[PDB]
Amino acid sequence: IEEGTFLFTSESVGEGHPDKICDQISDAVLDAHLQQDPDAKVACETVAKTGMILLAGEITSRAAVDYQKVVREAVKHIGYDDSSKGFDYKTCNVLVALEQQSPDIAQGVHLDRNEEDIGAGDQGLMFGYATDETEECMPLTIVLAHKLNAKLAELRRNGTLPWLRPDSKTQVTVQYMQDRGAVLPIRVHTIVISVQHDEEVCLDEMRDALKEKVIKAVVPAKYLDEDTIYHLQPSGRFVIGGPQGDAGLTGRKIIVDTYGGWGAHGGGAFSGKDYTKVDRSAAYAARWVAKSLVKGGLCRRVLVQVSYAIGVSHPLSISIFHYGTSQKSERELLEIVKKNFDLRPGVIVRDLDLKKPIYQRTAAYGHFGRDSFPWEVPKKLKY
């Protein structure tokens, strides 16, 4: 490691990783409610183990939702459709333990409140991060990690590698060069890929395909060299997978959902939650602030913290850290943020269109850096 350079690692998981199954189901449930009742109050956890999807949590909604159909359709989309794969949407158990939202929360947060003045749905802290090292303003480590999982699913679904199954994990270590507080990717140091597979395909066939058809189809050759380390199917066998291999829960992939270890995290999970839960809406808004600061040329890399008290609409405080990449001071950046953004949840909902039922699309491959969701479209800053 040359002075002024360093390593960093991030991971991602595939659509059939059991924790990710749960995030996607939680958001399928949220979307189903929002399609009928844009003001649904949703706090839907999902738990997955062999043969079982359990929904647990709190929903107050005017919608009439068929949980059996919504869950099973989400599992079908993921690709768990036969007992030979370890899980089947047609024949699994779907159990439901859902109640109304606590009236004590409801009265303290949103009852008889003007929408713009709705209180935060909980206390908590949230961070937003952006880095100009990729065009979409995300760490390369996690971008590559996500793309490796997406490539697996693509080659599963197109029948190229029909021995693949939906459960996968990847991990990418990149060497970076310091650049005036920004970072510049140099090379890929190590790649890990583990993916569930059928009983017939042998290890050598898998490792060859993972290198030639997955890694080389994703990672630019300029980052790979004779010294890159590859751990491909390092466990040696991964036939049992999905929830049968490992329980899944909603909100157990919060670093995969965000910045891959870069930046910071306040702890809150996204999936299964409507916009009044600031764990999601304020994290989305903080990403939007950070990405706006970088795309607007004020920063090359930036971290934002916000925090809330349950029942209180305005953030308790906001702070900006620019890694030495701005000519503006911390105070000046905060002034710019305060003049251009309003981080009350009942204003974020409007700016980011957070009653729209697009949340299942966020629940795999990261919530940030993809598909021009509203929090990924920078706001033009006035100052």
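Residue numbers run from 1 along the displayed sequence. By rigid core we mean the largest C-alpha set that fits within 1.5 Å across both forms.
Novice: Please indicate which stretch deviates more in 7 other deposited structures of this protein: 33-41 or 321-329, judged by C-alpha RMS distance after a core superposition?
Specialist: Larger mean C-alpha displacement, comparing 33-41 and 321-329 in 7 other deposited structures of this protein, is found in 321-329.
Novice: Relative to the presented form, and with the rigid core used for superposition, do the C-alpha atoms of 177-185 or of 154-162 deviate more in 7 other deposited structures of this protein?
Specialist: Result of the core-fitted comparison in 7 other deposited structures of this protein: 177-185 deviates more.
Novice: Averaging the C-alpha B factors as listed in the entry, name the stretch that ends up higher: 220-228 or 190-198.
Specialist: The recorded data point to 220-228.
Novice: Per the record, averaged over C-alpha atoms, which has the higher B-factor: 251-259 or 289-297?
Specialist: Result of the comparison: 289-297.
Novice: Which of these, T141, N158, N149, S271, has its C-alpha atom at the highest B-factor, as the entry lists it?
Specialist: Checking the PDB record, the top C-alpha B-factor among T141, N158, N149, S271 is at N158.
Novice: Just the C-alpha B-factor column, please: which of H322, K49, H33, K328 has the biggest number?
Specialist: Answer, based on the entry's C-alpha B-factors: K328.
Novice: Please place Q100 in the lowest, middle or highest third of its chain according to the CA B-factor in the PDB entry.
Specialist: For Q100, whose C-alpha B-factor we compare with every modelled residue in the chain, the answer is the middle third.
Novice: Quick one: classify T173 as lowest, middle or highest third of the chain based on its Cα B-factor.
Specialist: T173: CA B-factor falls in the lowest third of its chain.
Novice: C-alpha B factor of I310, ranked within the chain: lowest, middle or highest third?
Specialist: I310: CA B-factor falls in the middle third of its chain.
Novice: Taking the chain's C-alpha temperature factors as the reference, tell me which third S26 falls into: lowest, middle or highest.
Specialist: For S26, the deposited C-alpha B-factor lands in the lowest third.
Novice: Please place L54 in the lowest, middle or highest third of its chain according to the CA B-factor in the PDB entry.
Specialist: According to the entry, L54 has a C-alpha B-factor in the chain's lowest third.
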